[PDB]
């Protein structure tokens, strides 16, 4: 054709982590929550099929799948770790998904809680008409 398209989508990955007043019965010291969302309350479900959070193997059932927003996991724990996150698209071509290795870090007692935000730009060059329609509703 005479024309081509490049679509850019912004994602926000982030987490909050707080030292518990009182450890859990297992002795877990922190409460945390990790999330994937669009910026400024934008709807990313238009183009996201699901978000898979791969927790550390010490967690029971570490593969946590979110098929609907909010795309998040809340847990209690004792150590920070790398958390691979897979964002799956409502796309029939490539790419079908994208992966981010998210640093789920915790702060020691006596320091402010963690409130971290990580911004990611995705670029889709010449998506299918169908995927383009989904991306550009978001």
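Residue numbers count along the first chain shown, from 1. What we label the rigid core is the largest C-alpha set whose atoms superpose within 1.5 Å from one form to the other.
- Superposing the other copies on the rigid core and comparing 25-33 to 48-56, farther C-alpha placement in 7 other deposited structures of this protein marks 25-33.
- As the entry records it, the average C-alpha temperature factor is higher for 22-30, out of 22-30 and 72-80.
- Look at the mean CA B-factor for 36-44 and for 93-101 in the entry; the higher one is 93-101.
- When all modelled residues of the chain are sorted by CA temperature factor, residue 17 is found within the middle third.
- Residue-level temperature factors show residue 109 in the highest third of its chain, judged at the C-alpha atom.
- Among the modelled residues of the chain, residue 132 sits in the lowest third by CA temperature factor in this PDB entry.
- Ranked against the other modelled residues of its chain, the C-alpha B-factor of residue 50 as given in the entry falls in the middle third.
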